[PDB]
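As a starting point, one isolated chain is supplied in structure tokens, in the form deposited in one PDB entry.
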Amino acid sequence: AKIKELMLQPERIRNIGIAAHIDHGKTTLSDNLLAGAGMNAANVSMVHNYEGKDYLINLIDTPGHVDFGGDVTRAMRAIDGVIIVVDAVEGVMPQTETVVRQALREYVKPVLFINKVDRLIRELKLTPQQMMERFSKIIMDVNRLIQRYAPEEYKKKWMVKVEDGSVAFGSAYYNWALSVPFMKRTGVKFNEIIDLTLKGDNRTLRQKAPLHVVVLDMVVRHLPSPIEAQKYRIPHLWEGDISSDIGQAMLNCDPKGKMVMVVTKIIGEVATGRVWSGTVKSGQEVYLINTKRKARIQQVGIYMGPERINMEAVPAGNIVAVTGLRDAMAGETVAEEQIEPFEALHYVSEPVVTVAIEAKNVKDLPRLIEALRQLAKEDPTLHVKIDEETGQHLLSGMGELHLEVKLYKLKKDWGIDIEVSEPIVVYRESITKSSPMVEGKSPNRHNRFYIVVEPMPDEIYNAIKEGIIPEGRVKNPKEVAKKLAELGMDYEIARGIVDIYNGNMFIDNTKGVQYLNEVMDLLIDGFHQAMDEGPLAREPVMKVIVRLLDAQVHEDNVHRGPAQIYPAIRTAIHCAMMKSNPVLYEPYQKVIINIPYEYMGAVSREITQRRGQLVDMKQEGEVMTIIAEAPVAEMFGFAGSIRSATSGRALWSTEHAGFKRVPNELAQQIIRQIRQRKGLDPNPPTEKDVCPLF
């Protein structure tokens, strides 16, 4: 009822998370763990009395999907200690071995909790010593993982010690546990739990050997304080320099140092994250180290139980909720001395894969569209065709699993078993060489436009998409032109820049064309139209520069509608492109695969079999992280091929890798199939079809 000022003392804070296989009990465990102490969500906090002193324990949301690298790894470096949860019936699984691997990767100290022991007693009918056998082999399994993947400084005192209470046993549904210290201190042994269980005398058991007591005791007695933890954690956590005065702001858990925090997850807008150094209050100033912008906070607050509560000044080593943070990502390093963030600069990316969806039941018609658009703005990478009845809607995102998650929102959560189309790869179109000049006549023959199109230099393209140069109509030509002139472009061309559009640009290099300024917006609409659908397979265009070299505009707007400016410039752009050797581009993925060494060849061979290439390779002892690039079109079904080849011990993710040119040998076939899917004639139009005659 007044516990808000434990946060002063860092060595009573416990930053922890629960690692578990699925159905193994983790949600239940957490619910009755923290209900047991009084009072997905981002973070939920509980205060617990251990040895007369009160501890503030942080239970942070931690996903467990092993086909998700990034989220899982992010949540687990957010925490300092972990409760590994294993079903006693099922045991240590390959997936358990994985989540343990990452847990232990970023120096997270572990404690084991065998759950579902009631199932052993009532349902599975074991002798006490069969239970001893089964407990001890789960323990031994885990301790050969700790043997195998722990840092050399830790692989024998980071083991789990049944005898010192680093291993609890119990039932999360029946709110009971047992460890040897709790026995030491209460005289409760297994015979009574078995007995009471068998009578069905749950309520006695509840309060003869209470879950949250035994478990949280194990937490405090064995999982480390933030200042306990950062002493070895922050160096491994990211490639900075410790000699910074900010280095031992983060090395210990210094509140009076510069503040430094990271966002763990986002939720009206509310960001939950961890404070590494310093102290936030509402309204100071914060530079978001690599999200382009910088900002400040409207409310600051902390967590009491499951409930969002508001306070002001919070020191380091705690978990905070903040609002007002516009474009912060999950994983956002927020601090104000500018340094480099704790994980890599993540490309913001465009959606690259699509599936078509149809409701089974006629009655789910009315506003599926805004459900799916709840998630379309929940996850910024998603786009869909809104409204009317098409068949209905295309869902476009970042990959197969990305989307199929959303499918199992279509019914784990909302009520519809669903039929989904095959997936299609969003391809794009571009050119390889510069064109001769091309003319665009309007139908009334009164307006003419002389253009060339040129392949865009990858430096400038990169510049546009990593944000250095901005999308949209140019709001400051003089400044933009310079930044184009920094990359190998002619300033006296760059100054006529007019528009940036989806990896292309439009430049006015005309001298004294009367009335051009009157059509220029229409010229841009036509430009955009020209880019929206390419001339090869009506796919979006990338890496093209359209330069207007000359023009003849009529003096009366009666001869200058959209009806005349659009087709003229649009087909000029397509004609030019067809003369500039137009090509297909496909999306790639960066694939990050983390495994035990024994499997590498298999992994490697798999990537080779998907037109993929190994890019990089990071090794830490017996754990191996392979980084590759492979085309999206070749990556379907990867979770299966890879689960098979690494026997479910691979932990992996993808990131957008940009787009690359499709080889000519496969290009044609792919173009014909795209056109065919689109209801078009397979054979791509050539320049003679697109350009007008004599």
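Residue indices: 1-based, along the sequence shown. We call the rigid core the largest set of C-alpha positions that still match within 1.5 Å between the two forms.
As for the form deposited in another entry, it is not shown, yet the points below apply to it.
In a core superposition between this form and the one not shown, the Cα of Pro128 is the only one among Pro151, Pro94, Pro128, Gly561 shifting by 2 Å or more.
When two forms of a protein are overlaid on their rigid core, residues whose CA moves 2 Å or more are considered shifted, and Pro477 is one of them between this form and the one not shown. Annotation: Cα of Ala494 displaced by at least 2 Å between this form and the one not shown, core superposition. Once you line up the core between this form and the one not shown, the Cα of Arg367 ends up 2 Å or more from where it was.
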